[PDB]
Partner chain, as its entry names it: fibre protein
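The chain below stands alone and is given as structure tokens, in the form deposited without the partner chain.
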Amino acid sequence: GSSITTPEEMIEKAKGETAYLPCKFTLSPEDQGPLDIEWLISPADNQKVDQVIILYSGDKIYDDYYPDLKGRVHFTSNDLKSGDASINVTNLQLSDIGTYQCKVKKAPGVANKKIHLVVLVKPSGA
């Protein structure tokens, strides 16, 4: 019933650099529910596991408003209503490491895909 491109994913970027996370949800006359996007992160290095950091609901893109990863996990899509729910992480870092879950909620089709953020070693940057 649902349709999502690149579900399970792994992204590796240099610390301090922005890590792009692509999410493309399919559109259909059926998807009459409000457009929604969600991102959970589980830091392998940190004690944290599965926590909300960036979301997009009610036309409000949440990332900077969200304490978790505020100011970084920014949707590169300036027109998410086009099916693009992608968010990139600004100013990467070692603690940013951790599995990411991209879930686009749009009735009657909830989209969910995996994105693992891996940070390569490089100068501070953060």
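Numbering follows the first chain given and starts at 1.
Heads up, the form solved in complex with the partner chain isn't pictured, but that's what we're talking about next.
Site residues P34, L55 and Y62 are all in contact with the partner chain in the bound PDB entry, judged by any heavy atom within 4.5 Å. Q93 falls outside the set of residues with a heavy atom inside 4.5 Å of the partner chain in the bound PDB entry. Not displayed here, the partner chain is kept clear of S77 by more than 4.5 Å at the level of heavy atoms in the bound PDB entry. Shown alone here, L40 lies within 4.5 Å of the partner chain in the bound PDB entry, counting heavy atoms only.
Taking the partner from elsewhere, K48 is found to have a heavy atom lying within 4.5 Å of the partner chain in the bound PDB entry.
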